[PDB]
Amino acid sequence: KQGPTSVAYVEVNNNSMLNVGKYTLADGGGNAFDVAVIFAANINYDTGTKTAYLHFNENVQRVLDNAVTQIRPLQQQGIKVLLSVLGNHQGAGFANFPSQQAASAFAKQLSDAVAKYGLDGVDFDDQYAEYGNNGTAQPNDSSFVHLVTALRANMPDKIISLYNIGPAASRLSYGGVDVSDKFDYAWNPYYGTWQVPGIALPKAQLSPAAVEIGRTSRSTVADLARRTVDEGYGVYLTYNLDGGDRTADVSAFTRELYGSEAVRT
């Protein structure tokens, strides 16, 4: 059990977080997955007040409300559980907070959730915001910087990761500060592709590869897992693992990343 940190996004709208723990290495019995990501909470907008607010749909809330059975078991296994935040077509996004005050208010909701439900961190996925909807402004230079600065200040010992996509991802500097080193990980958003995140983080914390379990061919899965190890990258991003039998799809990257087949319980 040595090798790249494998990440697993799970669409909690349809699937349980618990499948992530079902795969172990036939060699040593280590976890096939090191980080599980709850996908996902949203950034909504209150037009009347012109303020954004964090929002969990009924499915996201169910797993959170049920943390003890859906989350703790992964954590007791040694698997880190993060919560991903994504746009929700309301004009409000991570890149258009009008002020440091507004940004910090949103950061607080995220850190409060992490603390409340016993999470290991937050993940930013800047897609679907639709900047401009509801009289909102387009992305700016300070918003994302203000947001990450605030989030890191109040939760210093947690994981902060970035889905390398959307306006925010390319807005890491403002004032005199680069929030690059405030993140722990950053990864390629395009499944079935290689794409080295441009963020100034060391290879140990970057995942140029992104695959969708059950959709990306095992040929491309193994190929990217191989390149990840060869080129010296420390992370391997996986998405949409479900409850069906995915042992061969998982073994396809574990053979390359950890030199072991995967096994399912």
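Counting begins at 1, following the sequence as shown.
The stretch with the higher mean CA B factor, choosing between 24-32 and 37-45, is 24-32. Note on 139-147 vs 183-191: mean CA B-factor is higher in 183-191. In the deposited coordinates, the residue among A105, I165, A115, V122 with the greatest CA B-factor is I165. Among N133, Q76, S84, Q109, the highest C-alpha B-factor recorded in the PDB entry belongs to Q76. Ranked by Cα temperature factor within the chain, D249 sits in the lowest third according to the deposited record. Ranked against the other modelled residues of its chain, the C-alpha B-factor of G93 as given in the entry falls in the lowest third.
When the modelled residues of the chain are ordered by C-alpha B-factor, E231 sits in the middle third.
Sort the modelled residues of the chain by CA B factor and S207 lands in the lowest third. The PDB entry assigns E256 a C-alpha temperature factor belonging to the middle third of its chain's modelled residues.
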